[PDB]
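Every residue, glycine among them, receives a Cβ derived from its backbone with ideal geometry; neighbour counts consider all protein chains shown. None of the figures in this text is laboratory data; all of them are computed from the coordinates on show.
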Amino acid sequence: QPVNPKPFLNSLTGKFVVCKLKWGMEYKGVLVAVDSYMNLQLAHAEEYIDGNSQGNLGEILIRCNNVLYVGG
Amino acid sequence: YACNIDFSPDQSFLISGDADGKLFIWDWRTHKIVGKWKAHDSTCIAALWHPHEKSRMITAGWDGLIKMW
Amino acid sequence: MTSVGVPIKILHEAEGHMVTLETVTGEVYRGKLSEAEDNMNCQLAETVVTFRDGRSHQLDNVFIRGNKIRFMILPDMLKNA
Amino acid sequence: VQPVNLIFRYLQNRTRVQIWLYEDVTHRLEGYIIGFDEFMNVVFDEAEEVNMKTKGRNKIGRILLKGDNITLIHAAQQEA
Amino acid sequence: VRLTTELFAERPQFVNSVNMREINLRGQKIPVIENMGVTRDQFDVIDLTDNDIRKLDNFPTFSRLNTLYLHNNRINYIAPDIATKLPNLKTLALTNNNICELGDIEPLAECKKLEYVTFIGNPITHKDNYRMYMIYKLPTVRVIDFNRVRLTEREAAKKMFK
Amino acid sequence: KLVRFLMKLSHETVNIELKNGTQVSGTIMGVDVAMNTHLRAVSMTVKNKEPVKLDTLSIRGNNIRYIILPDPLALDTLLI
Amino acid sequence: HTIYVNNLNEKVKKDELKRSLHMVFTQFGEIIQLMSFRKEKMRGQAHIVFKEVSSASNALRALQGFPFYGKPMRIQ
Amino acid sequence: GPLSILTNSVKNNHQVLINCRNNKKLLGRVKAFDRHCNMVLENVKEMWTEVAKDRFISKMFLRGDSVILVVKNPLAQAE
Amino acid sequence: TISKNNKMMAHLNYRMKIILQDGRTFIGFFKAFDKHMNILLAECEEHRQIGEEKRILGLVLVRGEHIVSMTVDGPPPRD
Amino acid sequence: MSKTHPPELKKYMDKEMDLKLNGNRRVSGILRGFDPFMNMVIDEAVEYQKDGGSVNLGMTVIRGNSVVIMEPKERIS
Amino acid sequence: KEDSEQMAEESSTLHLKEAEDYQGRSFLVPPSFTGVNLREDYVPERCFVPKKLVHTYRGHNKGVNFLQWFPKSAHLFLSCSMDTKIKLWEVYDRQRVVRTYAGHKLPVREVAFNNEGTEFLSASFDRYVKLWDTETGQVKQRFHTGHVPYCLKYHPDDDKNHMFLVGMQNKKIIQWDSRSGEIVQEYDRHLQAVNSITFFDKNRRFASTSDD
């Protein structure tokens, strides 16, 4: 049976997920967020560009419009 | 009388129409009566809630006219 | 009484005549207009498009959604209103 | 017919569809779907991403794709 | 009837079977072409068939006009500056006119982008080497009198004059 | 709330950045909450263009990328 | 006002034939309605609709047996 | 919500590092929050490659529709 | 000028300049105002960057969302 | 106030049309879909690619806000 | 009445003028005079307080005594009168006219469309059910009875839209095929006349209510 996105986001919430930005940047982060705009917030996040690891980041705030991935 | 009892997709609320020209609504969750609406000026047996509209009712009477709310 | 929709009255007057519009891709369209909405969606019947080099094409119908577009040029006749 | 009901036709029939993305993106995803809402959001699973710079595919497990970012949806076919 | 500015508005303006924009001026007793400038080159096609036009002249400078119809008229002369007025004109049909001499085609030779022409019914068709002179003088024309030109006909026209 | 700052914001000098990589410097004289920005005594610096001076300028505040604010403007009371 | 046309020249390209046929019928009268095809059974054939029978009659009489692109077209 | 990050960043006067859609990076202190994520930045440092260029901004205002990505750095030096 | 009705009326009967997202600059007369910032532009002229080019234009209506910059500076007008 | 209804899509629905996409891609498809969100539904469609051949699209959905450019083959009456 | 008798008495007449608009499409199924959804869901939004009367629907010579909605829409509703005529009405702020169907010597009691919607069957005190074509406006079937019919239900399935159960004054339930007009089966286990019938499983089993 199908599942709605909001509990699905909750199912992804707390798991380890792969993310990618439309500009071509990739990140891995832990996520806890609920808002009407469906924004995302990540903590202690690792940055990847073109498949190459760049740096370990701290907490990062990213708008919902630019992100299009959440799965683990 | 054979009152045309109605149970819309709203079925959490019960809707019925009766010869007094009044409409009564009941709540299934608490079994209470809570409805005060009226239609026509004479006894009639006709009551439907529109199955594809969110805020319209239709009523008919023996006077020869049909009225909507 | 009601007193609202002043641009809508102007938009209704622009209907039935020829309009010019440009898109985010940069090319220019020329078309006859007869459709309007409060959400700025518009539709053109019979249209000619011209590109910034030398290519041109004719189009019978174009639909425009009012919230993800560049602005359109309205006929001169509106000045009489 | 409606997109949400058509999404129900894909999931009930386990259809594999390809989805394209808007704005500055050049990627194609082919995956099965199990999700519904009035905003036509898509839950993507058993997915593969094609990198048009190299035409290589990687395996992806269970991701959500926001409908506003989505362009076209159609029944997937092989590309090489 | 006269080709005044009011005539262009009153006559039908419509999109034809090839999606081009055409103006109808057929049979309007026009003796001389004038006032076309009011169109401001907004029409892709101009139709002047069945009128009484005596000369092909006085055209304003137009660049959007692709095709011009002049069938059944009485035109017997072509202005040398026609290439300057209608340089982007690809089709010019002079069917059933009264063109009699090669000198009138010399203005058409200036039209480097002219591609389709018709002279069926014109006296010029009777003249000797009528087809070969056109082929040699008008290498850009693809179709003549609703018939194709063979490659062997193209070499024969060039070889005859060479 | 941010709406209080935009309506109170007047007379001070700011530097303004626009989507086309363009920088503007102008003094503000306007009283409204809808972020509509009206400038007087303006200097303009467009990307890949020479600087020019403008006597007055008006800008849709929503289009502005970011606004640089002057040193004596006590933002804390306006932000509350 | 509908006719079935046969024995047209098949080597003429879609755009060239359409323009050529468009030019022919507009010369006969105020007739502009045509759809032409190049599919296997459809090739060399077109269905045309006339504004009036009189314009149709003049055009029909001239085109019947007339050589066009070196081949005689037929009209019914 | 994400505003929690904004509010706690604002309340503890930490610095955040911000990167722009194309060329520029910023490091600045913040004191603003709303549902549109509009921000006001203070004691801002701007660095971008055109040669490397550096410009100092005391106070800055950033609108939330032309949105850019924010990273928090509490280890950068405080005021 | 922008949006506010009383300011809209004062700026009428003057020559106004517009610059858009694509770098073109426009100068035109205007006598209309929509409170959602849609204005009617009359007797407009446009400049294009390839070289330089100028075109003569018909009457226009403009949406404020596309407008990047607007300024007002002009002599007594023409009707 | 009152607002407005969706367009007269019935006059144009079920016809066969070509669709244009960003990046100079071409699609030919039959259209039959409407909703209050103004999305589009395309069926029996074929793609003409800029970097390959052609493929047939089986029951295609297009999000209404993203793309809306149409070229029809049947003249409206 | 016989087929020739009901036809000779001119029991049906044509009076509609707006039978077509811009195209020769049907006028009953699509709401051609509207820009709203041609087919509508059961719940658009959370319900709101009612408002005002659109129009009185003046036209009938006698009182009105049943109401029915059109399939998959609320734009069009069907009304049955003691005047032995059936008429349609538009409810989305419209007052247009629709064609009249009539053919009963005694008052109509109840009407049900077929589930496909192009037909409706009407029950009358004259002890016949008649089959009407909504677009054509003509009748060409007539089923007799022993006793009085008390209840009509069509089958819950699209394919079985030809089968229907009739509740009689006599205590049986009998099932008929509308294409043949023949008794396919009798059910006989209730005291007194059967008043109403209600399916508890689509195309599988039915419950029935009686004066039992």
Next on the checklist: Once the convex hull of the alpha carbons of chain G is built, what does its volume come to per residue, in cubic angstrom?
Outcome noted: 78
Item to check | Dimensions (Å) - chain F, Cα atoms, principal axes, largest first | outcome: 39, 21, 21
Checklist entry - Rg (Å, one decimal) plus Dmax (Å, integer) for the alpha carbons of segment E:10-162? => result 15.5, 52
Next on the checklist: Distance between the C-alpha centers of segment C:33-57 and segment J:1-33? Whole Å please.
Outcome noted: 14
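For E:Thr140 and C:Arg55, what does the FRET efficiency come to when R0 = 22 Å and r is the distance between their Cβ atoms, rounded to the nearest 0.05?
On the way: r = 20 Å, r/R0 = 0.91.
After rounding to 0.05, the efficiency reads 0.65.
Can you give the percent of C-alpha pairs in chain B whose distance is more than 17 Å? Walk me through the numbers before you get to the answer.
On the way: 953 of 2346 pairs.
Taking all Cα-Cα pairs of chain B, the fraction more than 17 Å apart is 41 percent.
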Checklist outcome for this item: For segment E:40-85, the Cα convex hull volume per residue in Å³ comes to 73
Next on the checklist: I'd like the distance separating the alpha-carbon centroids of segment F:18-80 and segment I:1-58, in whole Å.
Outcome noted: 20
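Sort C:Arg30, J:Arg63, D:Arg14 by Cβ crowding within 10 Å, fewest neighbours at the top. Walk me through the intermediate numbers first.
On the way: C:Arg30 19, J:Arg63 23, D:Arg14 10.
Lowest count first: D:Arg14, C:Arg30, J:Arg63.
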Next on the checklist: If you average the C-alpha positions of segment K:142-156 and of segment E:18-88 separately, how far apart do those two centres end up, in angstrom?
Outcome noted: 76
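Here is the link list: E:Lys158/G:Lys13; B:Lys54/K:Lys52; A:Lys20/D:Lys59; D:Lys55/H:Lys24. Which ones come out longer than 21 Å on Cα distance? Kindly include the intermediate steps, with their values, before the conclusion.
Details: E:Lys158/G:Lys13 26 Å; B:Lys54/K:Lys52 14 Å; A:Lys20/D:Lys59 14 Å; D:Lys55/H:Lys24 32 Å.
E:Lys158/G:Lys13; D:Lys55/H:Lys24, as the Cα separations exceed 21 Å there.
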Checklist entry - How big is the charge dipole of chain D about its Cα centre, in debye rounded to the nearest 20, if each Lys and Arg gets +1 on its Cβ and each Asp and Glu gets -1 on its Cβ? => result 320
Next on the checklist: Residues of segment J:1-33 with the amide nitrogen closer than 14 Å to a label point 7 Å from the Cα of G:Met35, along Cα-to-Cβ, please.
Outcome noted: J:15-17
Checklist outcome for this item: Note: J:4-10 gets an average of partner chain Cβ contacts (10 Å, Cβ to Cβ) equal to 6
Checklist outcome for this item: Between K:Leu131 and residues 5 or more places away or on another chain, the pairs with built amide H atoms under 5 Å apart involve K:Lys140, K:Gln141
Item to check | Test item: Cα-centred dipole of segment H:1-53, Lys/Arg +1 and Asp/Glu -1 on Cβ, debye | outcome: 40
Next on the checklist: Could you tell me the extents of segment C:21-64's C-alpha atoms along the three principal axes, largest first, rounded to whole Å?
Outcome noted: 35, 20, 10
Next on the checklist: I need the shape label for segment F:15-61. Rule: rounded when a/c is under 1.5, else prolate if a/b > b/c, else oblate, with a, b, c from the alpha carbon gyration tensor.
Outcome noted: oblate
Checklist outcome for this item: If one builds a Gaussian network model of chain D from Cα atoms under 10 Å apart, the most fluctuating residue listed among D:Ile19, D:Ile70, D:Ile33 is D:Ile70
Checklist entry - Label D:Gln12 and J:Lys11 with points 7 Å out from Cα along Cα→Cβ: what is the distance between them in nm? => result 3.5
Next on the checklist: Can you give the Rg/Rh ratio of segment K:44-112, where Rg is from the C-alpha atoms and Rh is the Kirkwood radius?
Outcome noted: 1.00
Next on the checklist: Using each residue's phi in segment E:124-141, evaluate 6.51 cos²θ - 1.76 cosθ + 1.60 at θ = phi - 60° and report the 3J(HN,Hα) Karplus result to the nearest Hz, with x for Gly and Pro.
Outcome noted: 4, 4, 6, 4, 5, 6, 4, 5, 5, 5, 5, 4, 6, 6, 10, x, 7, 6
Item to check | Among K:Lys52, K:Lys153, K:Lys105, residue whose mean-square fluctuation peaks in a GNM of chain K (springs only between Cα atoms under 10 Å) | outcome: K:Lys52
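Give the value in nm², to one decimal: projected area of the alpha carbon convex hull of chain A, averaged over all directions.
Convex hull of Cα atoms, orientation-averaged projection: 5.1 nm².
Kindly provide the Kirkwood hydrodynamic radius of chain H in Å, to one decimal, from all pairs of distinct alpha carbon atoms.
Working: mean 1/r = 0.0781 Å⁻¹.
Answer for chain H: a Kirkwood hydrodynamic radius of 12.8 Å.
Counting only other residues whose beta carbon sits under 12 Å from that of C:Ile69, what net charge do I get with K and R as +1, D and E as -1? Show your work: numbers first, answer last.
Values: positive: C:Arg65, C:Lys68, C:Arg70, I:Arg63; negative: C:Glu22, I:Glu65.
Within the 12 Å Cβ shell, the charges total +2.
So for segment E:86-153, Kirkwood radius off the Cα pairs, Stokes-Einstein at 37 °C and 0.692 mPa s: how many µm² s⁻¹?
Details: Rh = 12.1 Å.
Calculated translational D: 272 µm²/s.
Compute the Rg to Rh ratio over segment K:89-140 from the alpha carbon atoms, using the Kirkwood formula for Rh, and round to two decimal places.
On the way: Rg = 12.3 Å, Rh = 12.2 Å.
Looking at segment K:89-140, the ratio lands at 1.00.
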Checklist entry - Residues of D:71-80, mean number of Cβ from any other protein chain within 10 Å of their own Cβ, rounded to a whole number? => result 6
Item to check | Proximal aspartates and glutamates relative to A:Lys28, as straight alpha-carbon distance under 17 Å, when same-chain residues fewer than 8 apart are discounted | outcome: A:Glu46, A:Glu47, A:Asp50, A:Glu59
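Divide the volume of the convex hull of the Cα atoms of segment K:35-191 by its number of residues and quote the answer in cubic angstrom per residue. Can you show the working numbers first?
Details: hull volume 26.0 nm³, N = 157.
Measuring per residue, one finds 165 Å³ for the Cα hull of segment K:35-191.
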Checklist entry - Across segment G:12-28, in residue order, what do the Karplus-derived ³J(HN,Hα) couplings come to in whole Hz, using 6.51 cos²θ - 1.76 cosθ + 1.60 with θ = phi - 60° and x for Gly and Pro? => result 6, 5, 3, 5, 5, 5, 4, 5, 4, 5, 4, 5, 5, 5, 5, 5, 6
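Determine the dipole magnitude for the protein assembly as shown: charges of +1 sit on the beta-carbon of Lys and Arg, -1 on that of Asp and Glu, nothing else is charged, the reference point is the Cα centre, and the result goes in debye to the nearest 20. Show your work: numbers first, answer last.
Values: 147 positive and 127 negative charges, 357 e Å.
That gives the protein assembly as shown a dipole magnitude of about 1720 debye.
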Checklist outcome for this item: Counting only residues 5 or more apart in sequence or on a different chain, those whose built amide H sits under 5 Å from that of H:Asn73 are H:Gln15, H:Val16, H:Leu17
Checklist outcome for this item: In nm, the gap between the two label points placed 7 Å beyond Cα toward Cβ at K:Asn61 and F:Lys47 is 8.1
Next on the checklist: Going Cα to Cα from E:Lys159, which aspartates and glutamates come in below 18 Å? Please leave out same-chain ones fewer than 8 positions away.
Outcome noted: E:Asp128
Checklist outcome for this item: Shielding of E:47-56 by other chains, given as the mean Cβ count within 10 Å, works out to 1
Checklist entry - D for chain C, whole µm²/s, Stokes-Einstein with Kirkwood Rh over alpha-carbon pairs at 37 °C and 0.692 mPa s: what number? => result 244
Checklist outcome for this item: Proximal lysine pairs in chain I, meaning Cα under 22 Å and 8 or more positions apart or interchain, come to 9
Checklist outcome for this item: What the 10 Å binned alpha carbon P(r) of segment E:52-120 shows, as percent of pairs per bin from 0, is 22, 61, 17
Item to check | Diffusion constant of the protein assembly as shown at 10 °C, which comes from Stokes-Einstein with the Kirkwood Cα-pair radius and 1.306 mPa s, µm²/s | outcome: 44
Checklist outcome for this item: Taking E:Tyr77, J:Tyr12 and counting other beta carbon atoms within 10 angstrom, the fewest-first order is E:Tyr77, J:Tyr12
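Kindly flag which residue pairs out of C:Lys32/C:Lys79; F:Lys53/H:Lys59; E:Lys55/G:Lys11 have an alpha-carbon separation exceeding 26 Å in this structure.
Numbers: C:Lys32/C:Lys79 18 Å; F:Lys53/H:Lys59 24 Å; E:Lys55/G:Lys11 36 Å.
The pairs that break the limit, which is 26 Å between Cα atoms, are E:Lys55/G:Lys11.
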Checklist outcome for this item: Expressed to one decimal in nm², the mean projection of the alpha carbon convex hull of segment I:6-77 is 5.0
Next on the checklist: Skipping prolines and chain starts, which residues have an amide H placed within reach, meaning under 5 Å, of the one on K:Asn114, given they are 5 or more residues away or on another chain?
Outcome noted: K:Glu119, K:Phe120, K:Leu121
Checklist entry - Each residue of segment F:55-63 in turn: what ³J(HN,Hα) in whole Hz from Karplus with 6.51, -1.76, 1.60 and θ = phi - 60°, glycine and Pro shown as x? => result 6, 8, 8, 10, 9, 6, x, 4, 6
